[PDB]
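# Secondary and tertiary structure notes
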Amino acid sequence: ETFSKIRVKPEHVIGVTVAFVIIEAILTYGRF
Amino acid sequence: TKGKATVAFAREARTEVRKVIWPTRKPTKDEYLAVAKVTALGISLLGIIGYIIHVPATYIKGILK
Amino acid sequence: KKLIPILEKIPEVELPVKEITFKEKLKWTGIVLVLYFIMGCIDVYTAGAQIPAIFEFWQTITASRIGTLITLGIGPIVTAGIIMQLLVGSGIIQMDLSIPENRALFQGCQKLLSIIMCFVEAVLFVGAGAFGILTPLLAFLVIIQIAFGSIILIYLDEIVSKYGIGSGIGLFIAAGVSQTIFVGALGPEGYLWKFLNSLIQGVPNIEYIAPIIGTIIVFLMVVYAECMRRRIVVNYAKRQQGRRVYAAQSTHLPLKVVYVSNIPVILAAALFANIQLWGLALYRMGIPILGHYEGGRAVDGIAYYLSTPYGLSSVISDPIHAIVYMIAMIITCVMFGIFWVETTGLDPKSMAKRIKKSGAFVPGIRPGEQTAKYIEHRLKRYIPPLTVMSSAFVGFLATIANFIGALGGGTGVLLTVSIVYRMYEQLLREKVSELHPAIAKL
RNA sequence: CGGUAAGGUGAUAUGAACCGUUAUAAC
RNA sequence: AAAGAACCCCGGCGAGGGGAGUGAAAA
RNA sequence: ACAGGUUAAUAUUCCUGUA
RNA sequence: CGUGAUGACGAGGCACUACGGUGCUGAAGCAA
């Protein structure tokens, strides 16, 4: 298995990704 | 040295089997076509899904660039 | 002792021993798929709306898309895996995985490196002049986003890998190519139209429909492989009574042909990917170690001799160039292939158990099936080739698939077609495992 | 050669592959 | 009329049995 | 038609060497 | 008795291995 002392539930990575999208999706576009 | 000989032989011995394995329907008036079907069908779904998303977003980007 | 400290700091994915319904593995996969396509729609935050064309060579095997939140794509992950297979391959760092140690060592380790290669590539990309404006400030910002997007994939892969079907990478690649096709041919600036329109305009352009053909041909060719197949077996045995039938007969087959050299060739092509990148990079940022690019790609040097010819039409105007590449790829394939042995691959040991039960044994009755139980050598022998064969077989079909040249990437189409079929199989082994909650190993 | 006909390839006998539905299925 | 008892449990992936359903009835 | 050699199971029968 | 046979086999070693076992090599090889 994995020696990853930390456990991360997928629901997070998904939501964290919805994060990158929103941020840059607006950080870039929607100028001004 | 010998190593190369054996390796070269194995390839030949295999080519021989390919000869025996065919009869059926070379392979079958349904088999081959199948792979292409499922394969193409799968690529279509993945490709189609990409098209939706993709192209609509491009229209907007251009129309607001 | 090992890099266990930071290694234990690198997050992972919570694998539930709960009920993960087919319907859920499916629905999961799909969510990953979309976040992907989506990320491929979003440009990287960068004022310099002007970018120097594109690298028509890295995108395909990388499943990336330069200029987007995934401009680096699977590229790192592949790079990483490439090194590992290189070290743990040429014995340089001999390891007998067997033990959950070496196994989880080889892995965990590689994973880390993937994040290392995640940033490296990022920097290398911008440093290769993938965007044009090297505003130390803006440059930094970009790299951030870039490698971080690739990170998300690394974790999205993990998700699919433990919450859905098939594989992230495998998926991703097929995801990209498929799209690259459906869009290139039919999308906005679609080719089918550019051709169709060119017909209406009255100036029939054979160059607009061409690439579309290239792809059909390639598909039919790369597919021809997934056609053959034995048939098959077989076994036998009866005397049922275990308290409920037990007639016993014996499984069948066959299975198909190709795929094995899948991950291998993915690495060969990916090697070349990191050369054309690493050469240009270490070109407009140093000395011409690898080759003199100019014009974007390379027009001389190791780089030149190792640049796949595809795109639209096959290039005859350089025979020698062809020859070398081919041979160059071929051998590179044999390599990673061998390095896949020292590691792991389609093994008889494994097929032994499972090709020695189909039937019965037991007490009730005399159902035959002797098999079997000491006759494995019959596989490892008949086996060797199967996967292969290879660096020239698989590597050849891929390379020549590029001379011909096609939409999405001759080679890309290949992997895809395979990945897609190995993905169909996955969907079946599942549609069935969704019945008898046990035979999760037959 | 005649009758007959949506059903058939005798039984334990399923499955598999096939033959027929209008006048060379089968009986 | 096979609807000849899916599925769950003890038991030696036994024997046998207890539930669960089929059935007008498993008296 | 002999001596070696060989199969999980055949043998002056199969392989070899020599009749 | 020659030859068959500077061939084979051959104590034992160098190898893998599932632990049924398998490869490379190889001394003496005569007389009463």
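A brief structural summary.

A few words now on the side chain of C:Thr387. All names here are of chain C. Its location among the elements puts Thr 387 in the loop between α14 (377-382) and α15 (394-404). When its relative accessible area of 12% is taken as the criterion, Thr 387 is described as buried. There is a polar contact of 3.5 Å between the side chain of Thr 387 and the backbone oxygen of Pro 384.

For the rest of this paragraph, the subject is the packing of aromatic side chains. All names here are of chain C. Using the criterion set out here, one finds 15 aromatic pairs over all chains in the structure. With centroids separated by 5.3 Å and ring planes inclined at 10 degrees, the aromatic side chains of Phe 55 and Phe 57 adopt a geometry described as stacked. We classify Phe 55 as buried; its relative accessible area is 9%. Taking 5.4 Å as the distance between ring centres and 45 degrees as the angle between the ring planes, the aromatic pair formed by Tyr 421 and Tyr 424 counts as tilted. Highlighted residues: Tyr 421 and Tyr 424, both in helix α16 (residues 410-433), separated by three residues, approximately one helical turn. By relative accessible area, which is 13% here, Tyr 421 ends up buried.

Turning to helix α2 (residues 22-39) of chain C, a few remarks are in order. Taking 1.5 Å as the rise per residue, α2(C) with 18 residues should run 26 Å; its terminal C-alpha atoms sit 26 Å apart, in good agreement. When we look at burial in α2(C), the residues that qualify are C:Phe22, C:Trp28, C:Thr29, C:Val32, C:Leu33, C:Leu35, C:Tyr36, C:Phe37 and C:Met39. Structurally, α2(C) contributes buried residues whose contacts are with α1 (11-27) of chain A, α2 (31-63) of chain B together with α6 (136-163), α7 (168-186) and α16 of chain C.

With respect to the helices, strands and loops of the structure, C:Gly166 is situated in the loop between α6 and α7. Along the backbone, C:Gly166 and C:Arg422 are 256 residues apart, and their C-alpha atoms lie at a distance of 7.8 Å.

A separate point is the interface of chain B and chain C. Taken residue by residue, the interface counts 28 residues in chain B and 37 residues in chain C. With both chains or domains summed, chain B and chain C bury close to 2900 Å², and 77% of this area falls on carbon and sulfur atoms. The interface formed by chain B and chain C contains zero salt bridges. Inspection of the chain B/chain C interface yields six residue pairs in polar contact.

The next subject is the side chain of C:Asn262. Along the polypeptide, C:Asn262 turns up in helix α10 (residues 262-281). Excluding its chain neighbours within four sequence positions, the residues that come into contact with C:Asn262 are C:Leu415, C:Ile419 and C:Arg422.

Quick look at unusual backbone geometry now. Residue and element names in this part refer to chain C. In this chain, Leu 253 is followed by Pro 254 through a cis amide linkage whose omega measures 0 degrees. Omega for the bond connecting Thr 371 with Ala 372 falls within 30 degrees of zero, at 0 degrees, which places this linkage in the cis form. By the secondary structure assignment, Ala 372 is in the loop between α13 (348-351) and α14. For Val 245, which is not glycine, the phi dihedral falls at a positive 55 degrees. Secondary-structure assignment places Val 245 in the loop between α9 (206-224) and α10. Notably, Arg 354 is not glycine yet its phi reads approximately 120 degrees, a positive angle. With respect to the helices, strands and loops of the structure, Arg 354 is situated in the loop between α13 and α14. On the accessibility criterion, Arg 354 (47% relative accessible area) is partly exposed.

A few words on the pattern of salt bridges. Between side chains of opposite charge, a pair can form as their charged atoms come close. All names here are of chain C. Overall, the coordinates contain six salt bridges over all chains when judged by the stated rule. For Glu 189, the salt bridge goes to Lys 194, with nearest N and O atoms at 3.9 Å. The class of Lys 194 is partly exposed, set by a relative accessible area of 33%. Ionic pairing is found between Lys 256 and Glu 226, a salt bridge with its closest N-O pair at 2.5 Å. Here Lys 256, found in the loop between α9 and α10, pairs with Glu 226, found in the loop between α9 and α10; they are 30 residues apart in sequence, far enough to count as distant. You can call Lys 256 buried: its relative accessible area is 12%. When its relative accessible area of 4% is taken as the criterion, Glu 226 is described as buried. Through salt bridges with shared partners, a single ionic network connects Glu 12, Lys 111 and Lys 162.

Calculation notes
Residues numbered from 1 in each chain as written, not as in the entry; some residues may be left out. Chains lettered and ligands numbered in written order. Heavy atoms only, no water. Helix = DSSP H or I, 4+ residues; strand = E, 2+ residues; numbered from the N terminus. Buried < 20%, exposed > 50% of the residue type's maximum accessible area, 1.4 Å probe, protein only. Polar contact = N/O pair within 3.5 Å; in protein donor to acceptor, adjacent residues only side chain to side chain. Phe/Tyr/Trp six-rings, centres within 6.5 Å; stacked < 30°, edge-to-face > 60°. Expected span 1.5 Å × (residues − 1). Contact = heavy atoms within 4.5 Å. Buried area = accessible area lost by both parts, 1.4 Å probe. Salt bridge = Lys/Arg side-chain N within 4 Å of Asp/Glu carboxyl O.

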